[PDB]
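Note sheet for the following structure.
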Ligand SMILES: [Cl-]
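Chains as they are written, first to last, in the authors' numbering: chain L, 0 to 112; chain H, 301 to 420.
Listed below in structure tokens is the structure:
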């Protein structure tokens, strides 16, 4: 637990169809010695284990809807959801695996209400 | 279709020991390291460490080296996480996780998690 990952906002109450944005700020830059920035976003649906959504800052994982996109500079990264669907409910986490030990953000709760 | 199956929830008394298992299927167990993550009440995720499945050597993150121990049963493609001298602070759901290319850079596959509850 060294590189702090802070997410904004911690609670994201939204409504179907609306857009959603989650920010993640790292306390240090996160570029691996090999030049890659291993910044991933995970979604943990209720009653499930986390699942990978975005890796390498902006690459969508297999089967991930196009509504999910990622961006980010040196210490500030963003996960955006064009249109929020009922199946998007859950907790989102950013994660850096660029420097040891790998660290996760504290989680952002997306709740539709 | 990688599958990581973990053992059931545990309700333990303080000071006792708990041993969690993670059964891997559909891939060569010894080709990928097994990582372990601790999810504390509230949802925070903390990296515990990883075990090299080919050499059976563990590497832990911040203070976990103390009472946590990783082990393997390569013949049954199973990884274990044992917690000795259970403390209230250990209450959490533990996950075994496998990465994409065995570099611990991208956690792709996760077990369903094992909730450990330390009572009174
Ligand atoms: Cl990897």
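For every residue, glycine included, the Cβ atom is placed at its ideal position computed from N, Cα and C.
Exposed or buried, residue 398 of chain H, counting other C-beta atoms within 10 Å across all chains shown (16 or more means buried)?
-> buried
C-beta neighbour in chain H for residue 106 of chain L, strict 8 Å | yes
Can you grab the Cα-Cα spacing for the pair residue 384 of chain H / residue 324 of chain H, in whole Å?
-> 24 Å
Does any CB atom of chain L fall closer than 8 Å to the CB of residue 361 of chain H?
-> yes
Taking only heavy atoms of ligand 1 into account, decide whether any of them is closer than 7 Å to the Cβ of residue 401 of chain H.
-> yes
Among H:308, H:304, H:318, the one whose alpha carbon lies nearest that of residue 386 of chain H = H:318
Any chance the CB of residue 351 of chain H is under 7 Å from a heavy atom of ligand 1?
-> no
Hey, is residue 103 of chain L's beta-carbon within less than 8 Å of any beta-carbon in chain H?
-> yes
The beta strand (DSSP E) enclosing residue 407 of chain H, as first and last residue numbers | 407-410
Output, in sequence order along the chain, the residues in the region 59-76 of chain L whose CB is closer than 7 Å to any CB in chain H.
-> none
Pull up the CB-CB distance for residue 4 of chain L and residue 361 of chain H, whole angstroms please, since I reckon it's below 8 Å.
-> That pair is no contact at about 14 Å.
Inter-residue Cα distance where the pair is residue 417 of chain H and residue 322 of chain H | 18 Å
Using a beta-carbon distance below 8 Å, is residue 2 of chain L in contact with chain H?
-> no
The beta strand (DSSP E) enclosing residue 28 of chain L, as first and last residue numbers = Note, residue 28 of chain L: premise wrong, no beta strand (DSSP E); not H, not E.
The beta strand (DSSP E) enclosing residue 387 of chain H, as first and last residue numbers = No beta strand (DSSP E) contains residue 387 of chain H, which DSSP labels as neither H nor E.
Taking the C-alpha atoms as reference points, what is the distance between residue 58 of chain L and residue 68 of chain L?
-> 8 Å
What does a CB cutoff of less than 8 Å around residue 402 of chain H pick up in its chain, not counting 5 residues either side in sequence?
-> 331, 332, 333
Is any heavy atom of ligand 1 found at a distance shorter than 7 Å from the C-beta of residue 39 of chain L?
-> no
Can you give me the start and stop residues for the beta strand (DSSP E) that residue 301 of chain H sits inside?
-> It is not in any beta strand (DSSP E) - residue 301 of chain H carries neither H nor E in the DSSP assignment.
Closer than 6 Å by C-beta to residue 407 of chain H: which residues in its own chain qualify, once you throw out the five before and the five after it? Chain order, please.
-> 397, 399
Beta strand (DSSP E) segment containing residue 110 of chain L, residue limits | 107-111
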